[PDB]
Amino acid sequence: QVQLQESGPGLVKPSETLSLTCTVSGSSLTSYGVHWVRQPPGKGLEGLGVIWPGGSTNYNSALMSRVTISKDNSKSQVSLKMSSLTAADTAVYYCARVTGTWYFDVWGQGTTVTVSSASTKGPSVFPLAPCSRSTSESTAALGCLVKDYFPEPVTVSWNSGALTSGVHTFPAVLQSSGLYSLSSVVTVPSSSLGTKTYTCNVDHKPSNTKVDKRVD
Amino acid sequence: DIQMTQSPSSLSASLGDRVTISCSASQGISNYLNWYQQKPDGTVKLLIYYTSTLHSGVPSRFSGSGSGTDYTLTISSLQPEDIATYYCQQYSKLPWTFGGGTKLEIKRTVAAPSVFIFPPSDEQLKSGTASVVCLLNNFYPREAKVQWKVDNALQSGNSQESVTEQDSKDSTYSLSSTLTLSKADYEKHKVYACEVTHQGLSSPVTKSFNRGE
Amino acid sequence: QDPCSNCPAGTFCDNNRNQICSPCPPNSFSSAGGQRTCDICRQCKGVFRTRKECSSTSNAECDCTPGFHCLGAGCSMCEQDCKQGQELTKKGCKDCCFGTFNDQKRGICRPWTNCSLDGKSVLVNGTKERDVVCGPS
Ligand SMILES: *[C@@H]1O[C@H](CO)[C@@H](O)[C@H](O)[C@H]1NC(C)=O
């Protein structure tokens, strides 16, 4: 089926070559165009360039010709290269499928890129369980604290994805150390907490880090 | 480039209301405008292309109209899952430019938060730092006051808040306040509490725990 | 069996229409059949000039605007011309030094052919535009 997925490094230092990859599932690149869009933090969508089925490209002038887009039809991959990166190039980058004349009918989930000289650090995961089990409260709150990571993209899932009801994952905050941290919590029926196990699944791709912490 | 402007930048409407967001171009674009919806988690999908043509699978309550330099996107009956940012996009001239987007939030009846507190994990104590977390769950409106007190002494400058976006079902927010102290400072005191003040709370509700239990 | 296979170069396929194959809109093309979008014709502006106009089935190609010449593969960039007997330096077009020449509206000056070192005599003296013409004995 038709799907687009961006991929690439999340941390790039100001030695400034960025390289991303857009993989297309159910759409031949000889029949569709592919457009790259980026969204800086707290900003709107900004297109970068498009590569057409024939292979020709068009680029935004504001990118000062630092952006180059290529593709390999046999590999179903579209490549994005950007040089002379500033911190202004920190954003989440989307690739979309150009169909008809013209519209973006299929969008990828986006990939986050951070431009900084700081080193990448994996996070620590700590359980968030109440001081004691309360019989009066019919609902108890569980969670896990993901602390001291960089760069920002961190994903959290509960019971390997099986538990989604009542799952709230909070946006990250920037600590005074410059390291990010976020909390993810879930509300559960308190009568059932002693039987089933609850584990939060934390993935931090910039540090090749995966951690599965059980929460009693 | 062609300039795309969307009015208003932010909008709050009740459920079942008729929503209308505007999009104006600096020059005529001859009905070459698309509408996109960005969910709070980042997902972007196409709603309408050529200013009135509904993309396959989009609910029939979405509709677009306009000509020349002025176009609109219409939601006939606002639904809870419509909480998102909406962008218009012109393809009259390269490079294709997006509008600034209109952030849509949903009004609803008052909902009181459910408060919880979490003692610093023993594993975290071994590291050298202590973080105590206060959770405000599924409340409305967004305005909520969290005050940390350690042995009845009101804290300040040592906590950070974080708020979820509006929930796709309840139209509610959730908030996490994290109080960070060093390990030595954490063991000096006994009672840790967070006091929550909210419109749906007749009087502030405090949740507390005693260290060592 | 693929209905888009019937749409040749110059058209694009979209199954949401009564007519599956539709002509590529003006200023757009498709160099192969079965496309479901049309490539937009590329621009030749600034220092560039449209050499070959784009059609419904082929892209436009750019040469350089008059006063400039192509440089790099496929006329990737353009470089300013100079008059014969000149040379494009970092300080603009400058006349060649005495003893050098440039017979083209591009490139650098080159020293005159030393007829004596090759065992020949000078038939025609050198010029900023022309090399020395040597002759036998
Ligand atoms: C021009 O060439 C002739 C012979 O070809 C030579 O005798 C004469 O000196 C040259 N002109 C100058 C200014 O030297």
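Chain letters run A, B, ... following the sequence lines, proteins first and then strands; every chain starts at 1.
Heavy atoms of B:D122 lying under 4.5 Å from chain A are absent altogether. Of the two parts of A:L128, the backbone and the side chain both hold a non-hydrogen atom closer than 4.5 Å to a non-hydrogen atom of chain B. A:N58 touches chain B through its side chain: at least one heavy atom from C-beta onward sits under 4.5 Å away, while N, CA, C and O do not. The part of B:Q160 that comes within reach of chain A is its side chain, from C-beta onward, which places non-hydrogen atoms under 4.5 angstrom from that chain. The part of A:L174 that comes within reach of chain B is its backbone (N, CA, C, O), which places non-hydrogen atoms under 4.5 angstrom from that chain. Residue contact with chain B, scored on non-hydrogen atoms closer than 4.5 Å, is absent for A:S132. At a 4.5 Å heavy-atom cutoff, A:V215 makes no contact with chain B through either its backbone or its side chain. Heavy-atom distances place the side chain of B:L94, and not its backbone, under 4.5 Å from chain A. Only the backbone of A:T169 comes within contact range of chain B, judged by heavy atoms closer than 4.5 Å. Looking at A:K43, only its backbone comes within 4.5 Å of chain B, counting heavy atoms on both sides. Looking at A:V37, only its side chain comes within 4.5 Å of chain B, counting heavy atoms on both sides. Residue B:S131 touches chain A through its side chain alone, counting heavy-atom pairs closer than 4.5 Å. Interface remark: B:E165 contributes no atoms to any contact with chain A (heavy atom separation under 4.5 Å). Of the two parts of A:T101, only the backbone, made up of N, CA, C and O, holds a non-hydrogen atom closer than 4.5 Å to a non-hydrogen atom of chain B. Proximity to chain A is limited to the backbone of B:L175, based on heavy atoms less than 4.5 angstrom apart.
Comparing A:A129, A:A140, A:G108 by heavy-atom pairs within less than 4.5 Å of chain B, the highest count is held by A:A129. By number of non-hydrogen pairs under 4.5 angstrom with chain B, the leading residue of A:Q109, A:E46, A:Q39 is A:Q39. Counting heavy-atom pairs under 4.5 Å between each of A:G143, A:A141, A:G44 and chain B puts A:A141 at the top. The most heavy-atom pairs under 4.5 Å with chain A, out of B:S114, B:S121, B:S127, B:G101, come from B:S121. Looking only at heavy-atom pairs under 4.5 Å with chain A, the residue among B:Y32, B:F209, B:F116, B:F98 that has the most is B:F98. No other option in A:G47, A:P130, A:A96 has as many heavy-atom pairs under 4.5 Å with chain B as A:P130.
Heavy-atom contacts from other residues, nucleotides or ligands closer than 6.0 Å to CG of B:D151 number more than 12. Dense packing is recorded around NZ of B:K39, with more than 12 heavy atoms of other residues, nucleotides or ligands lying under 6.0 Å away. Within a 6.0 Å sphere centred on NZ of B:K145, other residues, nucleotides and ligands contribute more than 12 heavy atoms. Within a 6.0 Å sphere centred on NZ of A:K213, other residues, nucleotides and ligands contribute more than 12 heavy atoms.
Under the side chain to side chain donor-acceptor pair (under 3.5 Å) criterion, the residue pairs touching residues 88-101 of chain B are B:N34-B:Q89, B:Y36-B:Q89, B:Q90-B:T97, with sequence neighbours excluded.
Distance CD/B:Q37 to CH2/A:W107: 12.5 Å, rounded to 0.5 Å.
In summary, of the residues considered (B:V133, B:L135, B:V163, B:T178), a side chain to side chain contact (heavy atoms under 4.5 Å, CB included) with A:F170 occurs for B:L135 alone.
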Distance-only criterion, 3.5 Å: show the donor-acceptor pairs between side-chain atoms of residues 52-60 of chain B and protein atoms not counting sequence neighbours.
from  : atom 1 : to    : atom 2 : distance (Å)
B:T53 : OG1    : B:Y49 : O      : 3.4

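Proximity of a side-chain donor or acceptor of A:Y59 to a complementary backbone N or O of B:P95 within less than 3.5 Å is not detected.
Contact residues of residues 50-57 of chain A toward chain B are A:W52 (heavy-atom distance under 4.5 Å).
Across all their heavy atoms, B:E123 and A:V125 have their closest contact at OE1-O, 3.6 Å. The two residues B:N210 and A:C131 make their nearest non-hydrogen contact at O-SG, 3.8 Å.
Under the rule for a salt bridge (charged side-chain N to carboxylate O under 4.0 Å, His left out), A:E152 has no partner lying at least two apart in sequence or in another chain.
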